[PDB]
Amino acid sequence: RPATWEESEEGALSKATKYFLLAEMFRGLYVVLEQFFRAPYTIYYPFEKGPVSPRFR
Amino acid sequence: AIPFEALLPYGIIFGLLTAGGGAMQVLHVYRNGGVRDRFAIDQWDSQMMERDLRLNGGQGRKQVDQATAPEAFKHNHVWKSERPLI
Amino acid sequence: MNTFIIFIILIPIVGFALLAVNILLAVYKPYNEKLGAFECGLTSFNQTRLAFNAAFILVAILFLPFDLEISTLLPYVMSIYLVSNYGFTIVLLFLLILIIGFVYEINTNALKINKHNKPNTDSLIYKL
Amino acid sequence: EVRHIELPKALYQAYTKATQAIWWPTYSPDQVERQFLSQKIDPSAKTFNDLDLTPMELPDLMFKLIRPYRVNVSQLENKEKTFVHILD
Amino acid sequence: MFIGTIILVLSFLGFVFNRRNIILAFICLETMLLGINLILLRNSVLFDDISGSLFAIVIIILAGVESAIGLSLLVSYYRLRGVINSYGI
Amino acid sequence: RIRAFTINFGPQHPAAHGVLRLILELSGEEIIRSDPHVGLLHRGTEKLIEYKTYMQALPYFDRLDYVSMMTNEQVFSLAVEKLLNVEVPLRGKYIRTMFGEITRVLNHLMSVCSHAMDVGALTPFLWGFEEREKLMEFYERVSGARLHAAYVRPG
Amino acid sequence: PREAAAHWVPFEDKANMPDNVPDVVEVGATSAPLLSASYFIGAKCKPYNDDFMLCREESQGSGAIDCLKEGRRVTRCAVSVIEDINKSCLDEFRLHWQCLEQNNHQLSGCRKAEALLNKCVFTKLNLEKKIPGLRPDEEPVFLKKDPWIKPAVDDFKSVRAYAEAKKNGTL
Amino acid sequence: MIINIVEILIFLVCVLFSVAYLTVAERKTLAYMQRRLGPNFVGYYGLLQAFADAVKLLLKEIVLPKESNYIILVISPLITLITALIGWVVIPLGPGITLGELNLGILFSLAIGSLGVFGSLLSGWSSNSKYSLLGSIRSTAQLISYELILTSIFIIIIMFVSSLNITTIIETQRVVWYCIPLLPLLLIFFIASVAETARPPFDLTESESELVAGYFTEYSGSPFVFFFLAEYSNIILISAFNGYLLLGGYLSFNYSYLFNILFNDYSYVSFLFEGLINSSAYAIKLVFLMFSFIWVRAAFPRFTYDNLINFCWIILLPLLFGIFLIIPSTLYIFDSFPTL
Amino acid sequence: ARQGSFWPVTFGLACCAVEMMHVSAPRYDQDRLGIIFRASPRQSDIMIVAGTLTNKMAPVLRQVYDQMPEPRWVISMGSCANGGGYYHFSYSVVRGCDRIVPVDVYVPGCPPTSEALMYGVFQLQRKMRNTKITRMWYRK
Amino acid sequence: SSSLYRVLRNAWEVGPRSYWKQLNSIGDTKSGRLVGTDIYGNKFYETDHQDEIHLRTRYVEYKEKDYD
Amino acid sequence: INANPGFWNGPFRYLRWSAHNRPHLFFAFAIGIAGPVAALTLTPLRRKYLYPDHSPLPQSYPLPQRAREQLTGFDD
Ligand code: SF4
């Protein structure tokens, strides 16, 4: 059975803190920002070339 | 690493705003005759600056600290003649 | 002729100059198929005005009283020290009265668009 | 309503000569000259008839040819009353 | 006071001799109020008196509320008929 | 009387993916009736297959769900194998299972990231298409094509 | 009185004062030196300023023409204090009003120069700067150390002169 | 006159080029967040990209659809751009360093801002499509809804200052930036500014609508340039509102000690250096806010119309009314009503 | 400017569109060259026909092409768009999109790879770079 | 690697004429050893810098301005 | 599942329900009412223990409430 509000482990103030301060949204923004400091994948065609195999048609 | 090509346009924007503001500050000071601008001036300040113009010979914001006014200060008083607000 | 008035005159001039350059330099070849409204590549029939929801009307209408409420506080924030404690009490009373109206709007669900179609929850009963 | 203005030939020829200075095509001084010439059909020349052809009529074609530039009660009110115009 | 007076008179005549649409009536109301406020504000300046400006502020707030209510009335009128006639009232 | 308002959602529309003509009827906000018109990509594939040998018909299956090419091939191959009463050898079966799951990853990358892009989450698309690039290299190395491998065949 | 509106022209009057009216000197300081001297002028000329204002109130409408002799006293007292400042404390007074000219006429931007000016004026003119209306608990702001509000750039000449006075022992 | 002209040309060039390079910065920053490069080819390091887009659009044919009020469709984007740029006349880059030093500068900001909804409102009427009218109606409703939020925060700030002069409001923050006592208002103002510019995740009209690309669907050539320029100009201008209301404008740190070490008297060198420091502080704050606009675009999916109207009228506005109550109460409790 | 601000409207009909998607993906990153895909033909310079064109779709494609403001160019991408491809003998398939619209560049492949499509875009840019505009008017 | 230090190091390794040539053709700054030359005159390079990603370790510098 | 339990049935349970299930309204209301209540209950405490109210600022020229004295000096 789904649990009701009165059987919740977290107090209402902690939940309100998560609600008003957008905790998981901030985690998502941080994950996006981490990518900004990683190496990009781009190659500079036609000066560089993607992989080609002997079977290519 | 820090991607510097992605920072180049931000650097252009930052440099443009910085240089424009510095140039504007220099132009304002030059327009003022070597002092900083007046800001947030009320009616009192406005009248005081008009009186200053009467005392320093029309030299903008130039100040004189001599106790006694010149003779011309007696006769260069201005009233304003305002057109009828129809 | 201070910088304020010159700048305000200058902005529309630049807009008009860009428009004039575009008119002078781009080609202009209207024809019937090009002149059609773009709706995903097809053509739709002309229709009587769509029936709209009341919340669409209500947001725009209720903007005006709330906007006036907010803008009536400008004389207070420009006179707060002069009116200090008496005016503080008065502005509190004014705010509370307007909040009663906000309460009315919230409790009546006045800006909610209700999805007319809802899942059927009736039990299935068989007459044996 | 299409706007027509009549002008003196000298004034209008001067204008068309002036406008020939821009790089895009524009009404010619010689077209103003031709405006005073009415069509003159050679009495002895083959026509559409000799090709077994029958020209269409401008009045019947104009609406089709000009369609993109077209500008655009008592029963309607009574009928309108039965419909819904505002909803939740 | 000329500009306010002319605006008020012409707006009133536009309201009265309106035989075109109902929106013109709404607009003429709004602009008559504007003309009255202009006359009042000029007198307030010439007397150096805050009472005129206070009344003008109140007039602005009341014109806002009157606009809101008038357009609510128009929408309620539209709800039953689906259209506004050039005599729509 | 309720009067529906009718909109052509698509075909030339980002969400309609270029080819769906979704004729919707709205009463204000809500959809009351929906009528998807399709066949803007009807190619007559089923008619064409009847004029082909089974081997010649296999590449048509690549081009049905054209992010899931190898599983399309797999279903046609399994049907023909059942009619032929032959058995795929064990290593072939393992390659088909492995590349079926690679194909499932490719498909789900496309579908989840396209779904997110439609709602407005634009970034998962880029991140997932790099993974798709890596897997398409495996496609190309076994078959010589990035998309239409024609790799899984009856037998 | 309101400022002038849409179109106005300034006009000067070329007449002389009527000869019955005794002539008087006019104050020659501009806004910054006057603001610098204002508290000393208040301290010295309070009785004459009060008498002038009381005359104006009692005249009940004719104040300009009825208080001219009181106004003459007011202006002479102001000229006297500014002359005394120009004779005994000119360097510090100039420090203070030039600082004011750089700081939008805000006294909070010029506390170092003002400290020297106040010490000079008190020692050689026996005038004291004081803010009316405060209780003994309340501290006058110009005497406050470590204020919340500080100038963007402490004035160069004033900083040097203040440090020098602290070495000498005058301040 | 001459100085006035030079100052206006400098300010205008800086603003227009900053707007041009913001589009390049958005493309590059989104790209690197998405593990790609972005424009690096049109000009060195892709630094001429915006100018290529501008010239291309300036040479592109203007189309006037058949059922269209052509005048209204060509003037609506023009007026939105004109109001968007007029907003810059009151932004100061140092004390009194502005084109318009208005004692009613805050009021000017709000009034010109409230002229910002007419583009969306008139663009839909430009044609004769009911898709267009509904989309314009929604976008207008969102715009005025979040206008209320922004105005409320303005008034809450003026409660601390009692002045409509923007320089004065900045000057009072030398004691503390107003984002420190009112940090939730910083969050709310940023959220509302993103909504007011109709940026993601508040981009209903352009990206989930009947028309394929908002109410600019029918625009080509220079009208499209006007709409695009007005949008990015409003991004920077609303960020400047954020900066002077809550971030201390052109204030960074007390450089009195450093200046007294470097210089011994006033000169054009010291004046130029102080101007540079002030302008660089304001510029770096603007850079962080622009980066935040792009970052939020990178991270989130879109709201629906119902979701955002609910967010404004049921969640944000009641909080702002509660703040209307609590701020003057705190000023009263501690006897800290600001003087004029 | 025409080369550097290259804005295509996508007629993303079929599997070819997948390869077009990969041109915008991080490995090739089309927007590094200034390419931005636009929903509206009103804001587009290039039409890329990427997929099988059916008879039911042909008027729709013509309509989208006609609403493009000038100057305008068309790239045919893939065998289906080029000449009908695998479905050339179908009752429901247009045998090449050049029966409906003028075509500036043909990109071969089924599908063309991302690099092949980029090569075709480069060919169109070469054609752009060699266009006479004011020199052509000067010749007149 | 998107770092500025990589670009500065490669430009130093490669020299200013080569820096400007690369900036005017490919737009990045690569430093690697020459492997060989085309019949057409194109030159081919391989780099082993650890800051270069997979599929970027081989590249060509074209002989003519209208490269293809 | 969760539903409004009615304020009048039980005050504290309803307040808990609101804090858990309507945080936006609950904390908007808490913040709104905190102000005036704090004003009434705390300003006298601040006056008694922290610091008294400040002396009023002049608003105009402070006119003496007295008769004009006879005075001397700076005469014509
Ligand atoms: S050419 Fe090949 S890949 Fe492209 S749409 Fe046609 S079948 Fe699919």
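In what follows, every chain begins at residue 1, and chains take the letters A, B, ... in the order their sequences are listed. Side-chain atoms are counted along with the backbone in the values below, which use heavy atoms only and exclude waters and symmetry mates.
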- Task: Just do the side chain to side chain contact (heavy atoms under 4.5 Å, CB included) check on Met110(F) and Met21(I) with the steps written out, would you?
- Result: CA-CA 10 Å; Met110(F) 170 80 46; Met21(I) 272 186 276; 3.8 Å; yes

- Apply side chain to side chain contact (heavy atoms under 4.5 Å, CB included) to the pair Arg146(F) and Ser114(I), showing each step before the final yes or no. CA-CA 10 Å; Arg146(F) 322 218 306 141; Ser114(I) 278; 3.6 Å; yes

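Counting only residues at least two apart or on different chains, the ring-ring contact (aromatic ring centres under 6.0 Å, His included) pairs with a member in residues 1-60 of chain I are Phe129(F)-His22(I).
The residue among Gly12(I), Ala14(I), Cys80(I) with the most heavy atom pairs within less than 4.5 Å of chain F is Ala14(I).
Nearest heavy-atom pair across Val19(F) and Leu13(I) is CG1-O, 3.6 Å. Across all non-hydrogen atoms, the minimal contact from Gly18(F) to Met57(I) is O-CE, 3.0 Å. Summarising the geometry of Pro11(F) relative to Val60(I), their closest heavy-atom pair is CG-CG1, 3.7 Å, with the distance given to 0.1 Å. Shown here for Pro14(F) and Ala39(I), the closest heavy-atom pair between the two residues is CD-CB, 4.1 Å.
Note that the NE2 atom of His42(F) and the OH atom of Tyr91(I) stand 2.5 Å from one another [nearest 0.5 Å]. Note that OG1 of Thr45(F) is 4.5 Å distant from OH of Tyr87(I), once rounded to the nearest 0.5 Å. Here the SG atom belonging to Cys16(I) is positioned 9.0 Å from the CG atom belonging to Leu147(F), to the nearest 0.5 angstrom. Separating the CZ atom in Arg63(F) from the SG atom in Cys15(I) is a distance of 6.5 Å, to the nearest 0.5 Å. The distance from the CG atom of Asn55(I) to the CG atom of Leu40(F) is 11.0 Å, given to the nearest 0.5 Å.
Interface remark: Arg21(F) contributes no atoms to any contact with chain I (heavy atom separation under 4.5 Å). Only the side chain of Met136(F) comes within contact range of chain I, judged by heavy atoms closer than 4.5 Å. With a 4.5 Å cut-off on non-hydrogen atoms, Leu48(F) touches chain I through its side chain but not through its backbone. Proximity to chain I (any heavy atom under 4.5 Å) is shown, for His13(F), by neither the backbone nor the side chain. If you measure heavy-atom distances from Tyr60(F) to chain I, the contacts under 4.5 Å come from both the backbone and the side chain. For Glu19(I), the part lying near chain F is the side chain, with the backbone staying farther off; criterion is any non-hydrogen pair under 4.5 Å.
The backbone N or O of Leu61(I) lies less than 3.5 Å from no partner atom in the side chain of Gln12(F), so there is not a single donor-acceptor pair.
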